[PDB]
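Asks: Give me a model of this one.
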Amino acid sequence: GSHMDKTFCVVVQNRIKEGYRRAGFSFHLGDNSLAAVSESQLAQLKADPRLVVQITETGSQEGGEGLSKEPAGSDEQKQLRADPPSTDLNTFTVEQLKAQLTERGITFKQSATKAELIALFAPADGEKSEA
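Replies: Residues are numbered from 1 along each chain as shown. Right below this line is the structure:
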């Protein structure tokens with residue numbers, strides 16, 4: 001096979017959805033195999049705290065790794081950390097937007113029919129925020 005090198009094919013078994021995306025390969029809901037690379041694969045797949053990355057070396061029962069912990073260790077910033085709020089735009093029905101836009105200084109006669117004025121209200125005042 002190979003020697004004097006650390007090349008392995010890795011696969012990410014995910015059970016999220018068919019739209020979680022990734023680096024840019026339209027990662028679907030399932031397992032994707034990785035080509036035999038030095039180590040970038042592992043770090044690239046592990047760098048993303050969403051999917052899983054496991055190395056499978058068919059021909060080496062050495063190691064085992066006695067490291068169970070990893071997520072924890074010197075906590076500095078977290079704040080709850082469990083489930084995304086997702087409670088911001090929801091509070092905006094239809095009559096609020098139209099009443100808030102005008103009261104906010106954003107008239108709407110031609111545009112902002114109903115689907116535009118309800119979507120308009122987005123928390124991104126600055127340059128390019130992602131809330």
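
Asks: what's the longest helix in this protein?
Replies: helix 95-104 (DSSP state H).

Asks: so how far is residue 20 from residue 32?
Replies: 12 Å (CB to CB, to the nearest Å). To be clear about C-beta, it is placed using only N, CA and C from the backbone, and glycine gets the same treatment.

Asks: Contact partners for residue 92?
Replies: 100, 118, 121 (CB atoms under 8 Å, 6 or more residues apart in numbering).

Asks: What sits closest to the second one if chain neighbours are left out?
Replies: In other words, residue 118. Closest residue to residue 118 apart from its sequence neighbours, by CB to CB, 6 or more residues apart in numbering: residue 97 at 5.0 Å.

Asks: where exactly do the strands run in this protein?
Replies: 10-13, 31-33, 54-55 (DSSP state E).

Asks: who does the last one pair up with?
Replies: According to DSSP bridges, the neighbouring strands of strand 54-55, each with its direction, are strand 10-13 (antiparallel).
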